[PDB]
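Below is one structure, written out as structure tokens; the observations come after it.
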Amino acid sequence: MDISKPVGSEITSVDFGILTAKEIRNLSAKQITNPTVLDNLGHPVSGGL
Amino acid sequence: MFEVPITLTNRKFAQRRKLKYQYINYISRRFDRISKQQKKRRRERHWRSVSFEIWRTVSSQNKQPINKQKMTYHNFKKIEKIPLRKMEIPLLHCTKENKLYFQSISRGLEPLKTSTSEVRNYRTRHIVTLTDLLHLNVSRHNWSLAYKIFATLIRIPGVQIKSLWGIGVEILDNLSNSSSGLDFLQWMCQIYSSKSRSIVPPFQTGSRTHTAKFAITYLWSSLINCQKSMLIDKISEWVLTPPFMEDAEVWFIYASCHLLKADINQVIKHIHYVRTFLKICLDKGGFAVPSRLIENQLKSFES
Amino acid sequence: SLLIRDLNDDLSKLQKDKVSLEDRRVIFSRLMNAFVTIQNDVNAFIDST
Ligand SMILES: [Mg+2]
């Protein structure tokens, strides 16, 4: 926290609710489908976690 | 009198290969006419296809009927007469013994003396005797001696490792000490699975398309190191690890790991699992039990 | 998930317009199995309880 980095926007309330499968699919960056996490060279498996 | 595990002593054998494949080119060229350099040898050798578990061959059907005589005396000597003089030109550049070899193979006579039998250099002849004694001792069940031969051999700076099956069956039958056949094999695969011609038939190979013998044999033989058990999720963990998709045999290895782990709803998931991999093993060139037998074991399980 | 996507693949390769009834019982057996264990894994996370 830095007195020379002021913030203009302010959160005033929070609403609780439920994520729909439509929202999720739209916002998602990648659909994950592979149980395997790494390969033999320690790189991320594509479509993995 | 046995194969030597060394690159063959050179010059004359290579220039003879020249004369041979060059004359071969001239004769077969004029032959296709009448039916109408390391690199010359290279194109020449190039344009040509390069109750028990029998990896069966390709038998006789769908092959084309016949031919009736192409080659009388007069017609052959027609094809032969000219390319032999073209050969008369560079024969004048090669050595007299080489020229004699060209004359005799071109008459059709086959040379008395092997490449080994005429070979000549101290170190290589000694390596020849070394490797020989290796192969002999391994044949003689003399795993101790043979092991000494192998270690002394691999020491030498000239030997890349064809010799690995020698050490696989060697340490295998040795049982004596040293980090064993499996360790060697998985070492072979770990060092020679990454970018990190004369000598090469299939039993030693490169990892673009199938490296065969050693890989499949450590695979099966490791599943038999589970026959020691009843390790599995290890073996199929590193059969899970590699992508070299044209296998299916590792699909049957996989489904066999699930049948062995299936020997409560967990066991159910293992049985549904093997049920899956048997069909994704119908993916490729089939390994088949009647497989209703596989399923019948799976119903003995469904009990 | 992958495993159910396979059950669903073999399930469609019925007609069974021909096709002898009982496999109906076994397909259901496999489906119940899948639903139960995914539902368990979700429960365990929200929930190991
Ligand atoms: Mg061929």
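By convention here, the chains of the structure tokens are called A, B, ... in the order presented, each chain's residues are numbered starting at 1, and ligands are numbered starting at 1 in the order presented.
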I need the residues in chain C that are alpha helix (DSSP H) according to DSSP; give them as a PyMOL selection string. chain C and resi 2-12+23-43
Restrict the distance test to only C-alpha atoms, flag each residue of chain B within 9 Å of chain C, and return the flagged residues as a PyMOL selection string. chain B and resi 265-266+268-269+272-273+276
Residues just named, written with C-alpha atoms as an mmCIF file, in the first residue's frame:
data_model
loop_
_atom_site.group_PDB
_atom_site.id
_atom_site.type_symbol
_atom_site.label_atom_id
_atom_site.label_comp_id
_atom_site.auth_asym_id
_atom_site.auth_seq_id
_atom_site.Cartn_x
_atom_site.Cartn_y
_atom_site.Cartn_z
ATOM 1 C CA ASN B 265 -16.208 -50.618 -6.326
ATOM 2 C CA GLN B 266 -12.539 -49.729 -6.884
ATOM 3 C CA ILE B 268 -15.152 -52.434 -10.371
ATOM 4 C CA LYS B 269 -13.481 -49.335 -11.819
ATOM 5 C CA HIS B 272 -14.450 -51.243 -16.475
ATOM 6 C CA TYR B 273 -10.957 -49.859 -17.125
ATOM 7 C CA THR B 276 -12.101 -49.874 -22.104
#
Using only C-alpha atoms, I'd like every residue of chain B that has an atom within 12 Å of chain A; please write them out as number ranges by chain. B: 190, 193-194, 237-243
Exercise answer, chain A residues close to chain C, 10 Å and only C-alpha atoms, as a count of residues only: 3
Write out as a list in words each polymer residue whose atoms come within 7 Å of region 181-187 of chain B, counting only C-alpha atoms; drop sequence neighbours fewer than 6 positions from it. residues 168, 171, 172 and 218 of chain B
Counting only C-alpha atoms and all ligand atoms, what are the residues, protein, DNA or RNA alike, that approach ligand 1 to within 10 Å? I want them as JSON, numbers by chain. {"B": [47, 48, 49, 50]}
Tell me which of B:91, B:71, B:262, B:164 sits closest to residue 150 (chain B), counting only C-alpha atoms. B:164
